[PDB]
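Structure first, commentary second.
A quick note on method: Cβ atoms are made from the backbone with ideal geometry, for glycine too, and the neighbour counts reach across all protein chains shown. Only the coordinates and a few stated rules stand behind these numbers; no lab work does.
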Amino acid sequence: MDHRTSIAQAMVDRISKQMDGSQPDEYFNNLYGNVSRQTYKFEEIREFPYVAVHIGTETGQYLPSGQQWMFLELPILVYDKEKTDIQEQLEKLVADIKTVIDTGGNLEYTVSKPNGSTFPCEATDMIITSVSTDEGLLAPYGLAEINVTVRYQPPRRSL
Amino acid sequence: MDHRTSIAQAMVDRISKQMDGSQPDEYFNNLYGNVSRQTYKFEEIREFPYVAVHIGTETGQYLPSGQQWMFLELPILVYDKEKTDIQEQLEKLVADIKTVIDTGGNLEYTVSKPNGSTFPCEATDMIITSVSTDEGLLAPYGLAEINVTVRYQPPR
Amino acid sequence: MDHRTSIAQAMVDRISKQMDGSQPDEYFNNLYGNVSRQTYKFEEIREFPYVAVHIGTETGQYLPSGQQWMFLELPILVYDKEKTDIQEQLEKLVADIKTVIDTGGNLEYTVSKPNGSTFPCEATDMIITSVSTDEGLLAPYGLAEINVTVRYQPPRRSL
Amino acid sequence: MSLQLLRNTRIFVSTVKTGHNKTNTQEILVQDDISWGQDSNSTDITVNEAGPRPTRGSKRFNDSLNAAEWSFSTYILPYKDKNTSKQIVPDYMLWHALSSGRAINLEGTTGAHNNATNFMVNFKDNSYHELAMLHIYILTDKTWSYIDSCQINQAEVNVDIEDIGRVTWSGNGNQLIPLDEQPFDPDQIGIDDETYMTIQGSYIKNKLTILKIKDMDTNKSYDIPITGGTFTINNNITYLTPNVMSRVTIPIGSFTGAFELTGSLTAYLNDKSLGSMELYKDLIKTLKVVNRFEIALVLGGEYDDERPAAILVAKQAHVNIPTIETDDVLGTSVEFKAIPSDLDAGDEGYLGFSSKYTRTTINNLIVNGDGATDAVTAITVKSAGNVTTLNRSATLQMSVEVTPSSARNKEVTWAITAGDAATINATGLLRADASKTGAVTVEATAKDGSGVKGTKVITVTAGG
Amino acid sequence: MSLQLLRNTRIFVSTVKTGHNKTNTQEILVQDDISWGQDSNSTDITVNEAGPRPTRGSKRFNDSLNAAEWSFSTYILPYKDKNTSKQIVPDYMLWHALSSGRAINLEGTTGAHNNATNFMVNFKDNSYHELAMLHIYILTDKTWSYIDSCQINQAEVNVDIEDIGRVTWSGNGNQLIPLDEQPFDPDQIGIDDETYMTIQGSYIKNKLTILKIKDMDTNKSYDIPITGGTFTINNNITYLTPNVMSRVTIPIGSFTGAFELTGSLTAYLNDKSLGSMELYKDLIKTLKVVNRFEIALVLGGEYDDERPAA
């Protein structure tokens, strides 16, 4: 029982959905849905601002009554150009993504059982470890790595 | 609601405002506002003394009532030439930066909002955890590192 | 509020002052004031025995009443030639420097306020971490790195 | 040949010993903090005399057997059951046993009873010598064992721990009896995958925890941001055991002690108005013998979105003298105990559990006791015929509009606060008299304790 | 809206409550081991009867209030004052309070009297029911609070800790009263940068610490090199509080106990003559009921050069 890519797809869809002009007083930017679950290379990326959602290691734990706490890391990377300056635009994007990640309810995704039914579910909690900007990169191209651990629980097994 | 660049701009603005000719007794030199958090190539550095504010990693921990503790690390670099004696000049700059960081009130930074609601907020902690300088560089050129790890609680 | 270079200059002046022939029964060697606060390179040095006083990092600690315990490292390096042997001469120099560092009072340095007044001051204490000889160097040229942390306190600030 | 692992331990709770089904037995999910057992006493005799070559020896004897002890921690999981569409929690039998001694009845108004909006446990109707009688069945790998009959002694909820909310249960029992045969099919009684999927998303996060606190005597509301705290329900269970010497004994009956809804709080020191400084200064300066505080610790916070939340309410709770601490950032600690109005009334406090809590629902639970029942949020007065002025010796029976329109307390009290120009009664027929050349202010208070006011000043003069 | 940090806390000690100046109020420098507060008692009543459906409930009551408590550590800083050129220490008011109950008088011969050479504290003239009455004023960032009246109960000096010499004060008080307005200008009363610069170099290091020990009956002196030790002055203070039941009470008066200048030492066993072996063997062999030893712990060591020492 794993929900890695499902959680990542839910994260991408949530970021895309809660960034349009419907909430100008809640969020700064507007990605127009330029959120993808994978990036080939930074050289391949053609549009800015652009955000990629990576998949990290996936730790598991065990509980006496058959439960299983299972942690997943979600390193999120963003890119932007020097329309005005790297610092202000990158900070705006990072704070806006933080507002997306901290407000609202839980991460809702779709779990597809092998039988042929997709049951919507909800993740437990979201916590950010650290945010970092990659200085020393190209002069007009920036980076702001924000590290996140989505903690979810699979359907009960190991009976 | 991170305001890390806001904190860096508050650092730069406070450094530019203080350590000027208005209070020549409490400070050694005059930068003439030669402060900018935006870094440049070392060969591109126009005149000395020059100060650059680097923003590094930024950790955080949570609290039960929606409170958030966010530790921002702000490495600071000062470059200056051996006009008279390079070791003494960097000494003076480091002492002045320490005085600016320690004395006075807490940091004043302006937090902006999407609907143009800009209001001022202040941080709590200002500690220079360590100070180190690099030697073996080009004889006229110098560099010193001052590590401030500003600790701030973001609004809400 | 920093006194790196002032402390290093005071250390150099103390070493140069307390090694002449005035105290033959207290000290072995005599550098004739061949003590400098910086060395460009080992190959540049022309006279032996020669001692350089490097400047290390600067740790800082804060106290409730506005005080500030703030530390400084003083790696001291010495050089000598094979007049008799590396071991005995380097040991004599290191033991001499240790006797200088452990006896007497404190470090008296000169602190120059921006107004134009230089008030003599005194450092708090001195502790040796370790002394090390750099074996494997050139056959007639030796080295003996002695590490020192000078602990001192700046004028009261951070009110 | 097989070794029993803790990772494969399942604890089942039942209110009966035979004829098990899904309505009397239920599986609950525990954490690594699981313990059980039963320790024994032992008397030892020895001789002593002054003769040479003494008799060095002893003979141990078992005399009695202490009551068994068990303890485990479970997450708080308020969810909705598709069978009845009523909010329940997996460990509701434990809540009922800790709250009341009568038989389990989820549709009532006492004990642990659920509503279509929230599952709330009422500590009223707890005046019994023994609580609900549960038998704890423990499955570990393959061997079956159980505790004969348990009465929960304590329940701890802690918000200082950064993980999701947990409740720490602790009780006692008569005897830990090992079992030789399986009492019931584990899968049929235990929770299915559907319930696990439905409750997997109803965890309560302690990262988002608020508190409402208010002194009744001074009518001051405080904004304290919590950094930690806890509240513990204690029944003070004391066991009884015959002490006959010939044979080993077993405890027979348990006597309840004193109900204790004790809790504690801590927060940073914030100079802002009505902050922790205001509470600290008021409590220390006033130095009253007893206080009447209305604390409300809300796990999961209150948001306009429908989100799960666990609520503790402690009406008229006593608050001790705050003690200031000293560390990197100054913080104070407030400890409170929820005393009742009357020693036998049993209105010390009540809890609330739901998955679709809202700000309005939480507020009407705080001021009404239940989530479903509404509560007045604003009140304005209106005169009979919309007249804002009056003369001497005139009758104006004003009325009041209530908000929201579904509030249960549609009646209020009529009072006069400022000015002496007219008098009113409970009915509302306001009348004035002669020699009145001044205005008066009429005020009202909701009978449900919400505390909403409707203000109006009528310019009563000598007339035309 | 502001949060109070411990890093910005300043402790002021004064012997009066009004008309403050620089001769009655003085600022002292504390360490991270700072604590204060005032805990409260509580009586709890309950009922018990054998009837069915018993009355389960209780009602807490406050009955009295314990005496306040505070404790902080400060460095030993003997320096000279340019006003009078007499040796003093920043925390001399605390020494006077711990040593005597009479009024403060630096030019006398009892209590805490200083000289042109040294500042000495004499425990003679301490036979009083209460010591000097001080009010501790605590500033934390922007909020002012203070303890009504404190009497120093203990002082510990530890040489085992490798850092420079420190004294650990500890006392009690009548009540911890929060304050609404600033009593005095903090900078005028507090120490200036000149005094800080003058005393920054007068620290006492425990790396150099010697001891003189001698038995008067035998007239034999021992060369004992210390590896650790401490001495503690304790006044054994005890507070009196009425126990009226109707209203919450406050302690009114304190009674001094028994003066106790207890200390301890430790050293390696050295076979050298008149070493620790001689002391060990003599003390074990004689097994006298009471000994008359003249110990002298000298923090900072003694040298021909003019160097600070306690």
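For the range B:116-127, a tally of residues being touching an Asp or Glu at 6+ places or on another chain (Cβ under 8 Å) and either of a type in the set (S, T, Y) or within 15 Å of C:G60 (Cα to Cα) (or both) returns 1.
When restricted to residues that are farther than 30 Å from A:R156 by Cα and either touching a residue at least 40 places away in the same chain (Cβ under 8 Å) or under 13 Å from the mean Cα position of the chain (by Cα) (or both), the range A:1-32 contains 8. Taken over the range C:128-151, the residue count meeting the criterion of being in contact (Cβ under 8 Å) with a residue 24 or more places away in the chain and either within 8 Å of chain E (Cβ to nearest Cβ) or in a loop (DSSP other than H, G, I, E, B) (or both) is 5.
So is D:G51 under 17 Å from D:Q182 (Cβ atoms), out of contact with any helix residue (DSSP H, G or I) (no Cβ under 9 Å at 6 or more places or on another chain) and free of Cβ contacts under 8 Å to residues at least 60 places away in the same chain or not? Show your work before the answer.
Details: under 17 Å from D:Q182 (Cβ atoms): no; out of contact with any helix residue (DSSP H, G or I) (no Cβ under 9 Å at 6 or more places or on another chain): yes; free of Cβ contacts under 8 Å to residues at least 60 places away in the same chain: yes.
No.
Looking only at residues of the range E:151-167 that are under 19 Å from E:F123 (Cα atoms) and hydrophobic (A, V, I, L, M, F, W, C), we find that the one that is surrounded by the most Cβ atoms within 10 Å (Cβ to Cβ) is E:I152. If you go through the range C:103-116 and pick out every residue that is more than 30 Å from B:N106 (Cβ to Cβ) and not in a strand (DSSP E or B), you end up with 6. Candidates D:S405, D:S393: the one that is more than 14 Å from every other protein chain (Cβ to nearest Cβ), touching a residue at least 24 places away in the same chain (Cβ under 8 Å) and part of a loop (DSSP other than H, G, I, E, B) is D:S393.
Given the structure, is D:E181 in contact (Cβ under 8 Å) with a residue 12 or more places away in the chain, farther than 21 Å from D:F336 by Cβ, surrounded by fewer than 18 Cβ atoms within 10 Å (Cβ to Cβ) and away from chain A (no Cβ under 14 Å)?
On the way: in contact (Cβ under 8 Å) with a residue 12 or more places away in the chain: yes; farther than 21 Å from D:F336 by Cβ: yes; surrounded by fewer than 18 Cβ atoms within 10 Å (Cβ to Cβ): yes; away from chain A (no Cβ under 14 Å): yes.
It is true that D:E181 is in contact (Cβ under 8 Å) with a residue 12 or more places away in the chain, farther than 21 Å from D:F336 by Cβ, surrounded by fewer than 18 Cβ atoms within 10 Å (Cβ to Cβ) and away from chain A (no Cβ under 14 Å).
The residues of the range D:18-44 that are among the charged types (D, E, K, R) and touching a strand residue (DSSP E or B) at 6+ places or on another chain (Cβ under 6 Å), listed by number, are D:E27, D:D33, D:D44.
Take the conditions more than 28 Å from E:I161 (Cα to Cα) and either out of contact with any strand residue (DSSP E or B) (no Cβ under 9 Å at 6 or more places or on another chain) or not small (G, A, S) (or both) and apply them to E:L287. Does it pass?
Numbers: more than 28 Å from E:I161 (Cα to Cα): yes; either out of contact with any strand residue (DSSP E or B) (no Cβ under 9 Å at 6 or more places or on another chain) or not small (G, A, S) (or both): yes.
When the stated conditions are applied, E:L287 passes them.
Among the strands (runs of 3 or more DSSP E) lying completely within the range E:199-310, list those that include at least 2 residues that are farther than 30 Å from D:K285 by Cβ. Break it down into steps so the answer makes sense when it comes.
Working: elements: E:209-215, E:220-222, E:226-234, E:238-240, E:253-255, E:260-267, E:296-299.
Ranges flagged: E:209-215, E:220-222, E:226-234, E:260-267, E:296-299.
In the range A:22-32, of all residues being farther than 17 Å from A:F48 by Cα and surrounded by fewer than 16 Cβ atoms within 10 Å (Cβ to Cβ), the one that is farthest from the other protein chains (Cβ to nearest Cβ) corresponds to A:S22. Test D:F255 against the criterion of being touching a residue at least 60 places away in the same chain (Cβ under 8 Å) and touching a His at 6+ places or on another chain (Cβ under 9 Å), and give yes or no. For D:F255, the condition - touching a residue at least 60 places away in the same chain (Cβ under 8 Å) and touching a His at 6+ places or on another chain (Cβ under 9 Å) - is met. Screening E:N105 on (1) facing another protein chain (nearest Cβ under 9 Å); (2) exposed (fewer than 14 other Cβ atoms within 10 Å of the Cβ); (3) in contact with a strand residue (DSSP E or B) (Cβ under 8 Å, 6 or more places away or on another chain) shows it passes everything except condition (1). Within the range A:71-105, being surrounded by fewer than 19 Cβ atoms within 10 Å (Cβ to Cβ), more than 11 Å from the chain's Cα centre (by Cα) and either within 25 Å of A:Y40 (Cβ to Cβ) or aliphatic (A, V, I, L, M) (or both) holds for A:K81, A:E82, A:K83.
I'd like to check something: does the range D:317-328 contain any residue that is farther than 30 Å from E:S2 by Cβ and buried (at least 18 other Cβ atoms within 10 Å of the Cβ)? Full working, then the answer.
Our first condition is that a residue be farther than 30 Å from E:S2 by Cβ; within the range D:317-328, this holds for D:318.
When the remaining residues are screened for being buried (at least 18 other Cβ atoms within 10 Å of the Cβ), the result is D:318.
Looking through the range D:317-328, at least one residue is farther than 30 Å from E:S2 by Cβ and buried (at least 18 other Cβ atoms within 10 Å of the Cβ).
Exactly one residue out of A:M1, A:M19 is in contact with a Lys or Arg (Cβ under 7 Å, 6 or more places away or on another chain), within 14 Å of another protein chain (Cβ to nearest Cβ) and under 23 Å from A:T110 (Cα atoms), and it is A:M1. Per this entry, D:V248 is counted among residues that are among the aliphatic types (A, V, I, L, M), surrounded by fewer than 16 Cβ atoms within 10 Å (Cβ to Cβ) and more than 14 Å from chain E (Cβ to nearest Cβ).
Okay, residues lined up against (1) surrounded by 21 or more Cβ atoms within 10 Å (Cβ to Cβ); (2) over 28 Å from E:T43 (Cβ atoms); (3) without any contact (Cβ under 8 Å) to a residue 24 or more places away in the chain:
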{"site": "D:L279", "(1), (2), (3)": "yes, no, no"}
{"site": "D:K285", "(1), (2), (3)": "no, no, yes"}
{"site": "D:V289", "(1), (2), (3)": "no, no, yes"}
{"site": "D:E294", "(1), (2), (3)": "no, no, no"}
{"site": "D:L297", "(1), (2), (3)": "yes, no, no"}
{"site": "D:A309", "(1), (2), (3)": "yes, yes, no"}
{"site": "D:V334", "(1), (2), (3)": "yes, no, no"}
{"site": "D:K337", "(1), (2), (3)": "yes, no, no"}
{"site": "D:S341", "(1), (2), (3)": "no, no, no"}
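Would you kindly identify the strands (runs of 3 or more DSSP E) lying entirely within the range E:20-67 that contain at least 3 residues that are under 20 Å from E:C150 (Cβ atoms)?
Per the criteria, E:25-28, E:35-37.
When E:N66, E:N122, E:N114 are checked against the criterion of being within 14 Å of chain D (Cβ to nearest Cβ) and either more than 29 Å from D:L330 (Cα to Cα) or surrounded by fewer than 17 Cβ atoms within 10 Å (Cβ to Cβ) (or both), a single residue qualifies: E:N66.
Summed over the range D:276-300, the residues that are within 26 Å of the chain's Cα centre (by Cα) and acidic (D, E) give a count of 1.
Test A:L93 against the criterion of being out of contact with any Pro (no Cβ under 9 Å at 6 or more places or on another chain) and more than 7 Å from every other protein chain (Cβ to nearest Cβ), and give yes or no. Criteria not met by A:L93.
Taking the range C:33-48 as the region of interest, how many residues are under 21 Å from B:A95 (Cα atoms) and in contact (Cβ under 8 Å) with a residue 40 or more places away in the chain?
Quick first cut of the range C:33-48, residues under 21 Å from B:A95 (Cα atoms) only: C:37-38.
Within this subset, residues satisfying the condition of being in contact (Cβ under 8 Å) with a residue 40 or more places away in the chain are none.
Number satisfying all stated conditions: 0.
Inside the range B:106-117, residues that are surrounded by fewer than 17 Cβ atoms within 10 Å (Cβ to Cβ) and closer than 23 Å to B:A144 by Cα make up a count of 0.
Contact map, the range B:49-68: residues that are facing chain D (nearest Cβ under 8 Å) paired with residues that are outside any strand (DSSP E or B) and crowded, with 17+ Cβ neighbours inside 10 Å, Cβ distance under 6 Å, separation 6+ or inter-chain. Pairs shown: B:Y62/D:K207; B:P64/D:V159; B:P64/D:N206; B:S65/D:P225; B:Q67/D:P225.
For the range A:101-159, residues that are of a type in the set (A, V, I, L, M) and within 16 Å of D:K207 (Cβ to Cβ) total 8.
Taken together, the criteria place E:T143 among residues that are farther than 28 Å from E:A310 by Cα, crowded, with 16+ Cβ neighbours inside 10 Å and more than 19 Å from the chain's Cα centre (by Cα).
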